[PDB]
């Protein structure tokens, strides 16, 4: 039964199976993403994945992010829940768990590029189009794409996110 764990790319058979499963969920739910691209970010050293584990073995969703610790902000790379598990509240519970985790990690802002429907989805999750975080903080660290809408979520130090 349901667990939200931080999946570490430590070269072990167990975690590496879970990362591959999460990666396959990502490419399935994000057809516009080059699959080799999802692989590169998910298994790079800089990235982490918080997954939704059904029991102690099956991946049904997760979020791949990258923390920029000194600057105290993190970028969401990919977010998804497997087809047969969508519309059950998991995606929202994941985001809440993520924010709570980032709060404990001393992260002040969450950033994510969004497109089309995703903008509305992240708005429901607390992200906004206007930023209260200074440009120069992410500039040079996070790529500046003109084709995408950059959204941010302020993580207040003592607001109860997650539950």
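So that the term is clear: the rigid core is the largest set of C-alpha atoms that superpose within 1.5 Å between two forms. Residue numbers count along the first chain shown, from 1.
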Between 112 to 120 and 22 to 30, report the one with more C-alpha displacement in 6 other deposited structures of this protein relative to this form after a rigid core superposition. 112 to 120
Going by the mean C-alpha B-factor recorded in the entry, which is higher: 74 to 82 or 87 to 95? 87 to 95
Using the B-factors recorded in the PDB entry, average over the C-alpha atoms of 4 to 12 and of 153 to 161, then report which stretch comes out higher. 4 to 12
Of the residues 33, 63, 53, 41, the one carrying the largest Cα B-factor as recorded: 53
Looking at the C-alpha B-factor values in the deposited entry, which of 100, 48, 108, 136 comes out highest? 136
Among the chain's modelled residues, which third holds the C-alpha B-factor of residue 17? middle
Within this chain's modelled residues, let me know which third the CA B factor of residue 117 belongs to: lowest, middle or highest. highest
